[PDB]
Amino acid sequence: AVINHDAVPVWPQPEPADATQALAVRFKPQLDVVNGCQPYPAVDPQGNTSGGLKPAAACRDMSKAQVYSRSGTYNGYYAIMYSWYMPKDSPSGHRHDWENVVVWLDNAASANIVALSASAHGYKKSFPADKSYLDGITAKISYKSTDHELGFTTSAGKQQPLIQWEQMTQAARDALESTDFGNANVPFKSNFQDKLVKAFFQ
Ligand SMILES: [Mg+2]
């Protein structure tokens with residue numbers, strides 16, 4: 001069920017069990033939280049989910065940091081979607097926030113970044129990928145309200161422990177599929193392919 005936002009444990013990053021999981025670890029992006037909440041854990045292995053916060057002192061604890069990913073393919077390219085949960089999106093807003101960036105690769109072996117798509121109010125798209133947004137192969141993402149949205153940045157960011165959709169318990173996947181996050185939507189549940197279509201760079 002729903003538990004207190006600050007009581008959801010950080011899911012430790014496991015060793016990658018296969019090449020899908022190792023690749024998502026390798027391309028884990030950096031996030032520069034300019035304003036608003038830090039990323040928090042949204043789900044635990046029993047399928048309890050975050051109750052969020054009613055619309056930053058309650059969502060600034062760096063020890064709660066977490067990032068999610070799901071991998072797949074679309075239209076001949078390889079996609080790794082990285083997603084963050086924030087307990088609220090309140091520029092002065094609503095309970096819960098789900099944001100995601102898609103790192104597009106030509107294929108999972110060559111693993112050349114061909115484009116980046118960042119969620120915003122649709123998707124901002126950097127295609128061909130602007131190298132000033134990459135630290136090596138590490139995309140530099142911002143989280144900022146001017147609603148809080150993702151964007152690309154040249155500023156260095158921070159990283160979080162990654163738990164992948166492919167590494168979660170079934171209870172956690174079921175909870176992410178079924179839970180009402182209100183104005184926010186999990187972008188890597190059964191809508192994953194639909195979101196990749198919207199993120200696609202043409
Ligand atoms: Mg937002």
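Residue numbers count from 1 along this sequence. Just the heavy atoms: all of them, side chains too, but no hydrogens, waters or symmetry mates, feed the values below. First listed ligand is number 1; within each ligand, the first listed atom is number 1.
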J.: With a cut-off of 2.8 Å, does any N, O or S atom of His148 fall short of it relative to the Mg ion (ligand 1)?
T.: yes
J.: Is the Mg ion (ligand 1) less than 2.8 Å from an N/O/S atom of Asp89, whether that atom is in the backbone or a side chain?
T.: yes
J.: So, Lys140 side chain and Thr154 main chain: donor-acceptor pair closer than 3.5 Å or not?
T.: yes
J.: How wide is the angle at the Mg ion (ligand 1) between OE2 of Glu99 and OD2 of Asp97, to the nearest 10°?
T.: 90°
J.: If we ignore hydrogens and angles and just use 3.5 Å, is the side chain of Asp44 paired with the main-chain N or O of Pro9 as donor and acceptor?
T.: no
J.: Taking the side chain from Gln164 and the backbone from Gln21, do they hold a donor-acceptor pair closer than 3.5 Å?
T.: yes
J.: Using ring centroids (six-membered ring only for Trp), state whether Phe188 and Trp98 fall under 6.0 Å.
T.: yes
